[PDB]
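Enquirer: Okay, handing you the structure first.
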Number of protein chains: 6
Amino acid sequence: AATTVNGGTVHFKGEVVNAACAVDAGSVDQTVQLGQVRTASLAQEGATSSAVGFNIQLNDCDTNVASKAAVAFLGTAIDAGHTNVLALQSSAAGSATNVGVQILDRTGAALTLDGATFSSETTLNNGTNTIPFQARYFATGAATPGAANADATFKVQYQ
Amino acid sequence: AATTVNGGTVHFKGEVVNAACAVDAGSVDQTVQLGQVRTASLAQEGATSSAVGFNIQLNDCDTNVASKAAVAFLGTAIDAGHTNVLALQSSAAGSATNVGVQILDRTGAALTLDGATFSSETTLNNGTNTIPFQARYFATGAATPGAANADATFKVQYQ
Amino acid sequence: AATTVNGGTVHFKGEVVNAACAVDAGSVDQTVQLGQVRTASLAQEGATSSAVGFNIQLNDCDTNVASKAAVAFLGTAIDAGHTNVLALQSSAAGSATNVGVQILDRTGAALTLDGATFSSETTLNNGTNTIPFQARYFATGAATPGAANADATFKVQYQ
Amino acid sequence: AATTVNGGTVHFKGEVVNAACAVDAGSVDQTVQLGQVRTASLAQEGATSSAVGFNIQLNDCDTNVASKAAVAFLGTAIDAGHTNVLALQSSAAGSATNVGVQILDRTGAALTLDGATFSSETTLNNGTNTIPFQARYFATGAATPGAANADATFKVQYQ
Amino acid sequence: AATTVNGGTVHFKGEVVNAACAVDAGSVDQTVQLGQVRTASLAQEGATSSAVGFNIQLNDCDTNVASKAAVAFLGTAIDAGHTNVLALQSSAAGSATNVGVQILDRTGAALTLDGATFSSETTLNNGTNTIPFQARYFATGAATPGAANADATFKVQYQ
Amino acid sequence: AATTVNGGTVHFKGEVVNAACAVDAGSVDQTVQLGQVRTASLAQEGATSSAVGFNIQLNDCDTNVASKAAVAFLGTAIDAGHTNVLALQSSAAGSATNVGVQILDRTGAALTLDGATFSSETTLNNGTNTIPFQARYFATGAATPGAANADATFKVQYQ
């Protein structure tokens, strides 16, 4: 008779921005799988494999508010100096060696995973704008077998 | 020869309740994303956006044991007085301003995030009962860009 | 020479039940699309549009074991009080307003998305039984443009 | 004017291997549903139901590099001793009893979910090799109604 | 001009072992939820509910180094004498009564949470070995509503 | 009637810096797990295993204020002279021997855990800058089994 208990838990994930563009609910998080890459194939100093395609959906956009648009990516360096390529996940005893995922900016040139690296001339129109980006496999030298997992955060700037 | 080492770790999350309703294993924790909300859109004193939908699954329920059912939500106030709306996560230098997520009770009226606020006439039947709830964006005045993340805990009462 | 790597992943989805009815492998998950609904068309307090048709296939059924059969649906309320209608997906900044999908029980009367709402006199025969159900668009008042996506879980009771 | 916000998130899932075989992007994760199994049907000590079929696609394969090929599966034991059969998901209050999914190796004999159980003579050819495997329902005694969900990880060895 | 400040913090969690088996980075910590258990259901002296399934991934394994393998679990006793069952978390005013989680060894028989209780004949093969284990709800008598949370540490022995 | 008691406790963790970069709330503390490392694998004088990837998020950054950026790490020496590698946690009777975690600077060369070792040419842009860093396993000679846990503090300099 009269029993108070905790049902479950609800995670309210959200983020406030400007009146220029807003990422979709199911667009916030996207799963992009590169696949299994062979070491022999990526055993060259500066080797590049097929580039995966993916774009972040962003509905609710205006043109009078913001005309210009910038893009950036948040990640880690594959081999320190090579900040253009992403690094392994966190498997010190199960990851790969000199193997990562490079990020190409829609601007035309390859971007570097720095976070605040906003160097793109994206056009913002009235509707559901979308930011395209590529991500291929990049080797710093001798690719090794193991784990080639990682993560990146998308960035948008309204001007 | 003969090496004893610690494999890994196992988190045993559980909770004992009454013989009226029991939350499902994969129903215990649910990820609900509101998305990116524009300040200009939520720049009104008492502004409300689209309300997200979500229900907590609860299998194993009886009718002779408990007929009535109460529901409540655990969270924080957006602007103190507005305890009906949830508050920001914890980013003092990256969160939003006057922006939160309101909780609507299935009873019909809007509920306030107080925890012990059990004001709902939910009918408990024999089977897998479920508690519906909505959660839209609520502005206390001038919405600001940044972070609009938060969390809430579900509550159930058997009578 | 001798390289051990992780091929892929296999998700084994299953569920044990009684010897009365068993859902088919390809019948477990069904994709039902309502389509694009106009606000002006659903801008009435308690408006209803065309009802979609769909039935869950369930082979392997007995008659001596269970003669009676109950049915229920798991979902969320469109406007709290209106628990009979489903709610939006989770797009706080891209969903609709006062727009949802109602569920009609094969029993004749409209059922409410509560989960444990088993109120149907379904006849269980020897063979491949199937549970019919309808789902039309329901407006609580002034329909709004955006997203009208949601999900529901089917429920069966053997007696 | 000039507003920097976080767009979304991108999950870069990958894995480096040898120059013998590489799993396809859409082949990495496969959804295999067994369906609803009746207790009465699996209420025998060592009962087996229909076996589901599924094979992991693996393009980019060589023959001069690796001629032999091994296969293994990662999972849990249904009843401890019965490590050959998979166990329930994690629903302590919603799962089944003595009900699981057995794994059959393409080698001919049934394999046990141990992870490092590589006991198969798979032939590696030049092209897109594929590893076949079956998975039927296995009862340790008296099957119970509830949840029969689980997961397994595929394993490949190049020699 | 020239400002030195502390960025953040990095927790380097690791553990050195033998050349027989090594737990994966993301396998080190695993989240296993039992769910909500009803008192009436666990109100019997020595009552047992559904057993959850879970296995600790351990890549990098050899066969010539270690052939035999032992397993153990670290936890607390539910009711002192019943060291086979885990105890509550630490909520003296919010936990349950006579309610815990039992641990079943893959060896076939049920193991007791003692830590150094290595009584299993696990076979170590070349590749990614995995240790299966079950964990159901165990009542010492009259189950009570509240909190049924706890934790356990995995243990492995190479011989 | 009228009872004054202490509810709980709230830890207010914060840090004031310059107008060049500010670490995120959930970015302040990051959990990086290396995993289980085999002694035989790290039984070489100056052995290095897979390097883990991780970057500290830092939103709110300016370009006119600070253009150059320095980075440093705070930790202990694995074997005194080897200040480039981190040392064990504090388990004098449960830690490892000659086993630690090296830190690689994004500048390209490997950095030493000294704290005030700011030797990196990081570019500061307008937005959410991020500092990448790697951390692999480093052996001073004969690796031993036990504990390989440690901690490091991130450092940033604005110029």
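Labels used: A, B, ... for chains in the order of the structure tokens, numbers from 1 for residues in each chain, and numbers from 1 for ligands as shown.
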Within 8 Å of segment 106-109 of chain A, counting only C-alpha atoms, which residues qualify if same-chain residues fewer than 4 places away don't, as an MDAnalysis selection string?

Expert: chainID A and resid 119:122 131:134

Enquirer: At a cut-off of 7 Å, which residues of chain B touch chain A? Count only C-alpha atoms and give the answer as number ranges by chain.

Expert: B: 17-18, 23, 28-40, 56, 96, 144-159

Enquirer: Within 7 Å of residue 136 of chain D, counting only C-alpha atoms, which residues show up once you throw out same-chain ones fewer than 5 positions away? Write them as an NGL selection string, please.

Expert: :D and (48-52 or 101-102)

Enquirer: As a list in words, please: every residue in chain A that DSSP puts in helix (DSSP H, G or I).

Expert: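 Answer for chain A, restricted to helix (DSSP H, G or I): residues 25, 26, 27, 40, 41 and 42 of chain A.
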
Enquirer: Near residue 138 of chain C, within 10 Å and counting only C-alpha atoms, which residues show up once chain neighbours fewer than 6 positions away are dropped, as a PyMOL selection string?

Expert: chain C and resi 42-51+78+82+84-87+98-103

Enquirer: Rounded to one decimal place, report the atom CA of residue 75 of chain E-atom CA of residue 139 of chain E distance in Å.

Expert: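 Taking atom CA of residue 75 of chain E and atom CA of residue 139 of chain E, their separation equals 16.2 Å.
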
Enquirer: Quick one: pull the distance between atom CA of residue 41 of chain D and atom CA of residue 123 of chain C, Å, one decimal.

Expert: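 Interatomic distance here is 21.8 Å.
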
Enquirer: Could you state the separation of atom CA of residue 143 of chain D and atom CA of residue 110 of chain D in Å, given to one decimal place?

Expert: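 Separating atom CA of residue 143 of chain D from atom CA of residue 110 of chain D is a distance of 21.0 Å.
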
Enquirer: Using DSSP secondary structure from the backbone, list all strand (DSSP E or B) positions within chain F, as a ChimeraX atom specification.

Expert: /F:22-23,29-38,47-61,68-74,85,99-105,110-111,122-123,127-139,150-158

Enquirer: Restricting the output to C-alpha atoms, write the selected residues as a PDB file, in the first residue's frame.

Expert:
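Final output, saved to again-v2.pdb:
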ATOM      1  CA  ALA F  22      38.484  28.093 -21.551  1.00  0.00           C
ATOM      2  CA  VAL F  23      38.157  24.374 -20.831  1.00  0.00           C
ATOM      3  CA  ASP F  29      38.294  15.793 -16.321  1.00  0.00           C
ATOM      4  CA  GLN F  30      38.806  13.024 -18.890  1.00  0.00           C
ATOM      5  CA  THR F  31      39.076   9.258 -18.290  1.00  0.00           C
ATOM      6  CA  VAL F  32      41.726   7.604 -20.462  1.00  0.00           C
ATOM      7  CA  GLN F  33      42.290   3.867 -20.031  1.00  0.00           C
ATOM      8  CA  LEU F  34      45.345   2.210 -21.577  1.00  0.00           C
ATOM      9  CA  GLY F  35      44.337  -1.341 -20.705  1.00  0.00           C
ATOM     10  CA  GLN F  36      46.243  -4.468 -19.687  1.00  0.00           C
ATOM     11  CA  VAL F  37      49.836  -4.580 -20.929  1.00  0.00           C
ATOM     12  CA  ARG F  38      51.854  -7.819 -21.079  1.00  0.00           C
ATOM     13  CA  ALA F  47      59.919  -0.640 -25.349  1.00  0.00           C
ATOM     14  CA  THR F  48      56.840   1.200 -26.649  1.00  0.00           C
ATOM     15  CA  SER F  49      53.312  -0.115 -27.213  1.00  0.00           C
ATOM     16  CA  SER F  50      50.212   1.325 -28.899  1.00  0.00           C
ATOM     17  CA  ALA F  51      49.620   5.021 -28.209  1.00  0.00           C
ATOM     18  CA  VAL F  52      46.210   6.083 -26.893  1.00  0.00           C
ATOM     19  CA  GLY F  53      44.470   9.144 -28.321  1.00  0.00           C
ATOM     20  CA  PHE F  54      42.825  11.978 -26.399  1.00  0.00           C
ATOM     21  CA  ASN F  55      42.256  15.727 -26.704  1.00  0.00           C
ATOM     22  CA  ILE F  56      41.117  18.304 -24.151  1.00  0.00           C
ATOM     23  CA  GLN F  57      38.157  20.373 -25.355  1.00  0.00           C
ATOM     24  CA  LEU F  58      38.485  24.123 -24.815  1.00  0.00           C
ATOM     25  CA  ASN F  59      35.640  26.370 -25.983  1.00  0.00           C
ATOM     26  CA  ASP F  60      35.570  30.176 -25.898  1.00  0.00           C
ATOM     27  CA  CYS F  61      38.779  31.154 -27.696  1.00  0.00           C
ATOM     28  CA  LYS F  68      50.522  31.381 -30.093  1.00  0.00           C
ATOM     29  CA  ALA F  69      49.733  28.491 -27.746  1.00  0.00           C
ATOM     30  CA  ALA F  70      51.888  26.278 -25.519  1.00  0.00           C
ATOM     31  CA  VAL F  71      51.177  22.879 -23.959  1.00  0.00           C
ATOM     32  CA  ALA F  72      52.640  20.862 -21.073  1.00  0.00           C
ATOM     33  CA  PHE F  73      51.935  17.781 -18.923  1.00  0.00           C
ATOM     34  CA  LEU F  74      52.225  17.197 -15.164  1.00  0.00           C
ATOM     35  CA  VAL F  85      57.435   8.420 -19.046  1.00  0.00           C
ATOM     36  CA  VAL F  99      56.228   0.164 -16.688  1.00  0.00           C
ATOM     37  CA  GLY F 100      54.666   3.539 -17.419  1.00  0.00           C
ATOM     38  CA  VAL F 101      52.887   5.799 -19.924  1.00  0.00           C
ATOM     39  CA  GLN F 102      54.832   8.155 -22.211  1.00  0.00           C
ATOM     40  CA  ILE F 103      53.397  11.481 -23.387  1.00  0.00           C
ATOM     41  CA  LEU F 104      53.788  12.654 -27.015  1.00  0.00           C
ATOM     42  CA  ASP F 105      53.411  16.365 -27.807  1.00  0.00           C
ATOM     43  CA  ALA F 110      57.830  13.444 -27.422  1.00  0.00           C
ATOM     44  CA  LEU F 111      57.341  15.631 -24.347  1.00  0.00           C
ATOM     45  CA  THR F 122      49.841  25.373 -31.022  1.00  0.00           C
ATOM     46  CA  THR F 123      47.750  27.710 -33.183  1.00  0.00           C
ATOM     47  CA  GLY F 127      36.143  29.210 -31.472  1.00  0.00           C
ATOM     48  CA  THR F 128      36.603  25.955 -29.566  1.00  0.00           C
ATOM     49  CA  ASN F 129      40.319  25.100 -29.656  1.00  0.00           C
ATOM     50  CA  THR F 130      41.519  21.623 -28.669  1.00  0.00           C
ATOM     51  CA  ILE F 131      44.916  20.254 -27.597  1.00  0.00           C
ATOM     52  CA  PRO F 132      45.787  16.750 -29.006  1.00  0.00           C
ATOM     53  CA  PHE F 133      48.120  14.365 -27.173  1.00  0.00           C
ATOM     54  CA  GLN F 134      49.135  10.708 -27.303  1.00  0.00           C
ATOM     55  CA  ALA F 135      50.081   8.324 -24.487  1.00  0.00           C
ATOM     56  CA  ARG F 136      51.569   4.870 -25.094  1.00  0.00           C
ATOM     57  CA  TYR F 137      53.132   2.288 -22.766  1.00  0.00           C
ATOM     58  CA  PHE F 138      56.856   2.665 -22.051  1.00  0.00           C
ATOM     59  CA  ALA F 139      59.186   0.120 -20.466  1.00  0.00           C
ATOM     60  CA  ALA F 150      48.675   7.007 -12.931  1.00  0.00           C
ATOM     61  CA  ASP F 151      47.460  10.561 -13.513  1.00  0.00           C
ATOM     62  CA  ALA F 152      48.539  13.686 -15.393  1.00  0.00           C
ATOM     63  CA  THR F 153      47.467  17.343 -15.417  1.00  0.00           C
ATOM     64  CA  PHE F 154      47.016  19.317 -18.656  1.00  0.00           C
ATOM     65  CA  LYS F 155      48.626  22.740 -19.072  1.00  0.00           C
ATOM     66  CA  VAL F 156      47.960  25.617 -21.482  1.00  0.00           C
ATOM     67  CA  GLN F 157      49.773  28.882 -22.192  1.00  0.00           C
ATOM     68  CA  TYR F 158      48.359  31.878 -24.048  1.00  0.00           C
TER      69      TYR F 158
END
